[PDB]
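Have a look at the structure below, then the notes.
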Amino acid sequence: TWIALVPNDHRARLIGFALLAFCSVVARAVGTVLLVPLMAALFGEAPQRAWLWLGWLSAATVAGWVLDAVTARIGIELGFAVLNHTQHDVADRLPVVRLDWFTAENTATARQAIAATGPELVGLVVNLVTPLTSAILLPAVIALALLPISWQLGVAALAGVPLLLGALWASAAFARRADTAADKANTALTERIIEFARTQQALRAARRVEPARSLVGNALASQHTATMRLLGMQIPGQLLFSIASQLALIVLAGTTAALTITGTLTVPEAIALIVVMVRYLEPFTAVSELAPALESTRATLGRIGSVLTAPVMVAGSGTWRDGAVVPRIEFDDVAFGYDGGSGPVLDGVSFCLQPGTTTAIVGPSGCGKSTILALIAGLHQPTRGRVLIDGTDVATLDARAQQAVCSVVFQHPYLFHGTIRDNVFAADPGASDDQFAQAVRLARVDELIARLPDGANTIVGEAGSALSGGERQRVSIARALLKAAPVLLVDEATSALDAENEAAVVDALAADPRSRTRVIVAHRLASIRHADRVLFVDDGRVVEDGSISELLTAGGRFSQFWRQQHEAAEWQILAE
Amino acid sequence: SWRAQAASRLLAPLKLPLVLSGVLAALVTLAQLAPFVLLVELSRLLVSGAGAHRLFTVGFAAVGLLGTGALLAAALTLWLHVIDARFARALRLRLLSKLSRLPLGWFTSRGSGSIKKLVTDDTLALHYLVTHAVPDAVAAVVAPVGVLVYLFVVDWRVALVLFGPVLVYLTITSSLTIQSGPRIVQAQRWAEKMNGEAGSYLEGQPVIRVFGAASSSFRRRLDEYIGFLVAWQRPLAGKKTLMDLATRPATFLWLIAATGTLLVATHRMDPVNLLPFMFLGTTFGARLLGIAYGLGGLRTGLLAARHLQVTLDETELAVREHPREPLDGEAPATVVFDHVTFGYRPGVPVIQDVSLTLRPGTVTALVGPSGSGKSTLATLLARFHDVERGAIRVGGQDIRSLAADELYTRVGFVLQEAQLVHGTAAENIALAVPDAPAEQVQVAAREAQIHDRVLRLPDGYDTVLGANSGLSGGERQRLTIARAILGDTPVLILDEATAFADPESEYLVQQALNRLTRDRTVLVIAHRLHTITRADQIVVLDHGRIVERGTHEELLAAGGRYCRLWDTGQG
């Protein structure tokens, strides 16, 4: 529920800094209150008495100076500390966030959370915290100290201040609401244009760009919305606090002049009281000025809080030692649909993969075949089933011992910025050169490591040397082949261009002198040729099981798929 | 910098209303800050006999001032919000009418995020600049000038004395802005590279969950980042502290107090003439600094307008040039060609002097080592770009002398994009001919092998093709191919890299293409040799300079680059 819980405890600089800030506010308060008697000597019959109070005010202001200096230093230190803590927290928290929370724009929000908060969080305490809170409390203490000298005046400000606070609050709220209304209307307007620009290639080719243009043009030009209630809800956002302050000015000046006209106080110092009221009305103007910085800080802190409030996954008290030998798997109607509506769903898959074989999951398009691998690994959670690898349950197991059984090859490869040797070593920080050599030789990548300018040290990152498809996929295959985890679940990368990649996959699958349970979501018949037991999957539920040859006798939905793959591999493009 | 660099060029109409709103903002600001002068007058009034009615006249003037100030502010904001909408509407209309003249290659260049960014962000930023940034800036500019003049006309001593803290602030700022010389651009570079690394880290999430040893890179990058900022800001601490201290309304108060006490105690001036400085003139310091922020508020809108005008000043397609009589020796088919040398982004030419000819009803294969300007040569034929030297002619008429309808009635392309429009499926199958009598649609869909997948839909032929329609690649590539079979354009551009997407659902796409290319001139952009090795003729090329052309066996046994390309060990 933490919105911006930055500090651990530390208690000490916290309490000290709060007390110092309060004393620094009291400094300016007593400065003005000590200005109070000064004017009574100028507009009077004795203009020489002023020197004493001038000296006292000098003492007050040097005290104020020292206080503000020390509070500014403590503020910059606290800014450093808060930056460090919050960014380390967000970084260490990102991995445990629920996986399906990353949409196309939620990802952009998260990306902004840790790319645009450097300079706007270090200079936060010394720019928003201290000034705003030092300017809010000051009027109250000024009125309080004014009370014992002129109680007729004091109570007036003591009752006025909440009205001005409420006016500031209401003005800010009105401005915010107006801005949201405006930008929402603008987006709703330009949506049509945003759409018309993406289909600019299907329209012109369909020789129908002129009517398709005229339609949206007519619509956009016609619609107006008249903007009038928008202006009427905008105006008060601008002119409310100016009016409040202008009215308070007349009120206070009038009450002072009225008290003068009766003879309670005297003329020589009524002017001092007026000056003090004018001094008292300034922090409100300062707070009114510190609006836009406040709004931008609200926006960025909202990004950070939204990141810090995402749902999480749960794992507890796992028991592993090895897998013993090699785990067998199991499903029970896992039913994973992401909402019950639009999604893989998987309405009724239930099988059992014996302890260590090759097994391909063929089937028509519709990525149940990939969510099955996700569920097997650990990334997703079956909403109502129980994956029971070997005899336990993965969902009721510890996180540290959860990402320690599977080793995954991914359909879409991913290499982080660094030397490819580091990428391949990103699976085992140990792995002496025997392991690394056998891995780099099994996946056909020794060729790439030998025809490299400097050798094994190229910085791939983004925009690699060539490293298009086949190369990155072979690096990923080698990396996933390094890890010792005794179940290898392969995902057939969509690249039917590289005979080297094909042979690399076949080799990694069938030639490893180790012994692991293998699963390969494959479509290249060369791959599913070795799998001694295939699982056909349409609309969730498994539709067919059995060895290869046996399914080619049944003659159901697999003979058709085999005869369709044996034909869509020699399709010539002659024309007759 | 100055009067005209594309920005005032965009902002041509908004000059007269802008200066009107400016003078009105100055006036309303003076109306905002006159109450203090009124207070000074009442203060003087208090020390010579008050009476009943004189102070009441003063107060009546004050309340009238309040009322008229509020009225003026309301009038100003209404006039601004009025003058903004017409300009926004004209801008959007002109932007659309320009958008429907750009060459197709521009869109593929930009992408998807660029368009939305440009349109939405720039229009909204321009609106904000017009409605907020200008009045606040002119007000923050006019206020200090006014208060300074008023402080000088009442006394030249105290204002000259008060000028000091401004000097102190300026010298401290100028001394500060010598230590962060390159540090600013270095930190900007750090910021952009950290943005890049953040994007990378986020997009590669699943791997991180399995191999938990791949987060060390990002971790150490973040550590070095925060260390850099910490080591950067540590020195400037005391300097910024002094910069702040010598502005605050505390020091101004003591300075004014000392100067006034020295002046009055020696009878050099009357005491009532010290009221203006006790009033406005103690916040003068913090008020001056607002000028920098008010002026800096314009940067965003200025950059937005610059970018938008640079975009809008793009060049459209060529002129429908001199119509000359066609048919020196050619036919409806037979798309000749000649020394093209397209180039694009000049310095580097991507193509070179090619001269080939597609026969009336035969296929042609544009084989070549990928990346060596192989697809661009085809896209250029569909007027994605204009040639800089040479002339294409579908038949005899150069594509320049052909309207945007006579062109796309003789050239139909199929590329690596889907481009589905928001409507009923029957319309997307019948976009070519807008009124097919609901049976030609069905036969042209039962010839593209998309009949079953459209029949077993939520609502069949009438389910709106939304972003979440529940479709895929080869499931809608067949939809666009069904749309293309209705066109019947006797020239086809066939990007072959669409037959092996989602390699599961590609047998149907192959059947669709088979019954789509029936006796019409094709031009296949080959990606595999065995599929194309029997078309009619094979053209090899490496960044222009067509290496050799002819038939399969001819290319095969000549020692050719074809022979060095089809020997990847037969694979």
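Each answer follows from the model by the rule given with it, or from the source it names; nothing here is a laboratory result. Don't worry about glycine lacking a Cβ; one is built from the backbone with ideal geometry, like all the others, and counts go over all protein chains shown.
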Listing of helices (runs of 4 or more DSSP H) fully contained in region A:1-114 that carry 1 or more residues being more than 33 Å from the chain's Cα centre (by Cα):
A:12-42, A:50-93
Does any residue of region A:259-273 turn out to be within 18 Å of B:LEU280 (Cα to Cα) and free of Cβ contacts under 8 Å to residues at least 60 places away in the same chain?
no
Total residues in region B:460-515, condition β-branched (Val, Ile, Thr) and either surrounded by fewer than 16 Cβ atoms within 10 Å (Cβ to Cβ) or at positive phi (or both):
2
If the requirement is being hydroxyl-bearing (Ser, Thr, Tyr) and farther than 30 Å from A:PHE410 by Cβ, which of these qualifies: B:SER216, B:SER180?
B:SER180
Scanning for something farther than 20 Å from B:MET243 by Cα, surrounded by fewer than 20 Cβ atoms within 10 Å (Cβ to Cβ) and hydrophobic (A, V, I, L, M, F, W, C), does region A:63-77 turn up at least one residue?
no
For B:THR259, all conditions in the list (1) of a type in the set (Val, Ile, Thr); (2) more than 7 Å from every other protein chain (Cβ to nearest Cβ); (3) free of Cβ contacts under 8 Å to residues at least 40 places away in the same chain hold save one; what is the number of the exception?
(3)
The residue from A:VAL82, A:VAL70, A:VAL66, A:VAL62 that alone is β-branched (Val, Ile, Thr) and away from chain B (no Cβ under 11 Å) is A:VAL82
All but one of (1) within 14 Å of chain B (Cβ to nearest Cβ); (2) within 30 Å of A:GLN234 (Cα to Cα); (3) over 33 Å from the mean Cα position of the chain (by Cα) hold for A:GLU191; which doesn't?
(3)
Can you name the condition, by its number, that A:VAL314 falls short on among (1) of a type in the set (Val, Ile, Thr); (2) in the same structural domain as A:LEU99 (by CATH); (3) surrounded by fewer than 17 Cβ atoms within 10 Å (Cβ to Cβ)?
(2)
The lone exception for A:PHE22 - which of (1) more than 10 Å from every other protein chain (Cβ to nearest Cβ); (2) closer than 17 Å to B:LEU245 by Cβ it fails:
(2)
Filter region A:261-316 down to residues that are within 18 Å of B:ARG248 (Cβ to Cβ) and either in contact with a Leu (Cβ under 7 Å, 6 or more places away or on another chain) or within 11 Å of chain B (Cβ to nearest Cβ) (or both), then give me how many there are.
13
Please specify each residue of region B:56-73 satisfying the condition of being crowded, with 17+ Cβ neighbours inside 10 Å and facing chain A (nearest Cβ under 7 Å).
B:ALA62, B:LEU66, B:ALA70, B:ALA73
Condition first: within 7 Å of chain A (Cβ to nearest Cβ), touching a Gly at 6+ places or on another chain (Cβ under 8 Å) and in contact (Cβ under 8 Å) with a residue 40 or more places away in the chain. Can you find one or more residues in region B:224-235 that meet it?
yes
Of the numbered conditions (1) on the phi > 0 side of the Ramachandran plot; (2) more than 10 Å from every other protein chain (Cβ to nearest Cβ), B:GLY51 fails exactly one; give the number of that condition.
(2)
Out of A:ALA531, A:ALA522, A:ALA554, I need the residue that is more than 30 Å from A:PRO429 (Cβ to Cβ), without any contact (Cβ under 8 Å) to a residue 60 or more places away in the chain and more than 34 Å from the chain's Cα centre (by Cα). Which one?
A:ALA554
Do the conditions hold for A:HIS530, that is, is it in the same structural domain as A:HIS412 (by CATH), part of a loop (DSSP other than H, G, I, E, B) and either of a type in the set (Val, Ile, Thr) or touching a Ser or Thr at 6+ places or on another chain (Cβ under 8 Å) (or both)?
yes
Condition check for A:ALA219: hydrophobic (A, V, I, L, M, F, W, C), under 21 Å from B:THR123 (Cβ atoms), more than 9 Å from every other protein chain (Cβ to nearest Cβ) and surrounded by 13 or more Cβ atoms within 10 Å (Cβ to Cβ):
no
Just one listed residue, out of A:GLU471, A:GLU502, A:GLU447, is over 29 Å from A:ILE389 (Cβ atoms) and loosely packed, with under 13 Cβ neighbours inside 10 Å, and it is A:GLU447
Restricting region B:192-214 to residues that are more than 7 Å from chain A (Cβ to nearest Cβ) and out of contact with any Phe, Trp or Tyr (no Cβ under 7 Å at 6 or more places or on another chain), which is farthest from A:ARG421 (Cα to Cα)?
B:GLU192
Going through region A:259-292 in order, the residues found to be more than 13 Å from A:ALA40 (Cβ to Cβ) and of a type in the set (A, V, I, L, M, F, W, C) are A:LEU259, A:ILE261, A:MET277, A:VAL278, A:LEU281, A:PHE284, A:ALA286, A:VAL287, A:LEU290, A:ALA291
Residue among B:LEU118, B:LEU99, B:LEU91 that alone is at the interface with another protein chain (Cβ under 9 Å from one of its Cβ atoms) and either closer than 30 Å to A:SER222 by Cα or crowded, with 17+ Cβ neighbours inside 10 Å (or both):
B:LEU99
Being surrounded by fewer than 19 Cβ atoms within 10 Å (Cβ to Cβ) and among the polar types (S, T, N, Q): is that true of A:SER58 here?
yes
Here is a list of conditions, (1) within 13 Å of chain B (Cβ to nearest Cβ); (2) in a helix (DSSP H, G or I); (3) within 38 Å of the chain's Cα centre (by Cα), and A:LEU488 meets all of them except one; can you say which number that is?
(2)
Lone qualifier among A:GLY385, A:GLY348, A:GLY341 - being under 29 Å from B:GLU504 (Cβ atoms), touching a residue at least 60 places away in the same chain (Cβ under 8 Å) and in a loop (DSSP other than H, G, I, E, B):
A:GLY348
Any chance region B:296-303 includes a residue that's more than 9 Å from every other protein chain (Cβ to nearest Cβ), out of contact with any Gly (no Cβ under 7 Å at 6 or more places or on another chain), crowded, with 19+ Cβ neighbours inside 10 Å and touching a residue at least 60 places away in the same chain (Cβ under 8 Å)?
yes
Quick one: count up the residues across region A:132-167 that are buried (at least 18 other Cβ atoms within 10 Å of the Cβ) and closer than 21 Å to A:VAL82 by Cα.
1
Inside region B:519-541, can you point out the residues that are within 12 Å of B:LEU555 (Cβ to Cβ) and β-branched (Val, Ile, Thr)?
B:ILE532, B:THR533, B:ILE538, B:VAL539, B:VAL540
Elements of type helices (runs of 4 or more DSSP H) in region B:393-475, at least 3 residues being away from every other protein chain (no Cβ under 14 Å):
B:440-446, B:451-455
Can you tell which of B:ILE485, B:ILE546 is more than 8 Å from every other protein chain (Cβ to nearest Cβ), among the hydrophobic types (A, V, I, L, M, F, W, C) and within 29 Å of B:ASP405 (Cα to Cα)?
B:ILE485
